[PDB]
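Asker: Take this structure, written in structure tokens, and hold onto it; I'll ask about it next.
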Amino acid sequence: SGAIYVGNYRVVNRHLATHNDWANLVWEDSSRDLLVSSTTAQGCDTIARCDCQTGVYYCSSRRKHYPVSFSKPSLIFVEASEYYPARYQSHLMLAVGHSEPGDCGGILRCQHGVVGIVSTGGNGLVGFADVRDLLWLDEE
Ligand SMILES: Cn1ncc(-c2cc(Cl)cc(Cl)c2)c1CC(=O)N1CCC[C@H](C(N)=O)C1
Ligand SMILES: [Zn+2]
Numbered sequence: 007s008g009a010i011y012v013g014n015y016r017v018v019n020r021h022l023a024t025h026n027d028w029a030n031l032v033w034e035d036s037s038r039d040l041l042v043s044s045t046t047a048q049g050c051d052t053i054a055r056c057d058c059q060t061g062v063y064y065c066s067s068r069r070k071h072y073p074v075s076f077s078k079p080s081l082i083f084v085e086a087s088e089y090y091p092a093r094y095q096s097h098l099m100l101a102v103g104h105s106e107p108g109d110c111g112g113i114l115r116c117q118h119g120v121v122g123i124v125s126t127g128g129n130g131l132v133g134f135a136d137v138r139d140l141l142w143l144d145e146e
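Structure follows, in structure tokens:
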């Protein structure tokens, strides 16, 4: 589990969105596994606006933050799960690192701010849904 709290927005994995998230919906995209809902309180996270390929992510199944090198956001084939059929997920970055089901939502960050959240994993790989291109998260 986990979310990014930037301005009056809450960014979560779409597959983990609550009824309150859907009832206060700002934007969602199944192909990216992302959903953004509105919040009453202002958040403290800042979004990175950069092309960093190195950062640190939070792994809840180890209570640890790990430094990683990650690929550029791309279209990648993801196997079937209880949440989606096997399909291509867009804006996904891969890295070598531990991840289990339950680790989705962990933040990946670089020197500039939040880069994205854990969305996929398996056998020593971890995949992050990028949010750096969502410029509108910084305003309104
Ligand atoms: C986060 N994580 N880390 C490891 C595994 C994983 C490991 C094993 Cl052994 C078996 C399975 Cl089915 C999954 C997962 C879960 C995962 O990748 N997904 C399930 C939730 C929706 C995700 C999506 N974005 O499509 C895909
Ligand atoms: Zn950066």
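Each number in the deposited numbering corresponds to the 1-based position in the sequence shown with 6 added.
No residue lacks a Cβ here, since even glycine has one placed at the ideal position from N, Cα and C.
Measuring only the C-alpha atoms, how far is residue 120 from residue 54?
Answerer: 5 Å
Asker: Nearest to residue 134 by CA position, among 31, 74, 143, is which residue?
Answerer: Nearest option by C-alpha distance: 74.
Asker: Quick check: what's the CA-CA separation for residue 40 versus residue 21?
Answerer: Using only the alpha carbons, I get a separation of about 8 Å.
Asker: Is it the case that the CB of residue 8 approaches a heavy atom of ligand 1 more closely than 7 Å?
Answerer: no
Asker: Please tell me whether residue 116 and residue 56 are closer than 8 Å, where the distance is taken between their beta carbons.
Answerer: Their beta carbons are under 8 Å apart, which means residue 116 touches residue 56 by this criterion.
Asker: If we count the other Cβ atoms within 10 Å of its Cβ and call it buried at 16 or more, is residue 25 buried or exposed?
Answerer: With a 10 Å radius around the Cβ and a threshold of 16 neighbouring Cβ atoms, residue 25 comes out exposed.
Asker: I'd like to confirm the pairing. Which residues does DSSP put opposite residue 62 in its beta bridges?
Answerer: 73, 115
Asker: Please tell me whether residue 84 and residue 93 are closer than 8 Å, where the distance is taken between their beta carbons.
Answerer: A contact, by the Cβ cut-off of 8 Å.
Asker: So, at 8 Å on beta carbons, what are the nonlocal neighbours of residue 27 in its own chain, with the 5 sequence-adjacent residues on each side left out?
Answerer: 16, 18, 41, 43
Asker: Please return the same chain residues whose Cβ sits closer than 6 Å to the Cβ of residue 98, not counting the five positions on each side in sequence.
Answerer: 82, 133
Asker: Could you tell me which of 14, 13, 129 sits nearest to residue 107, measuring between CA atoms?
Answerer: 129
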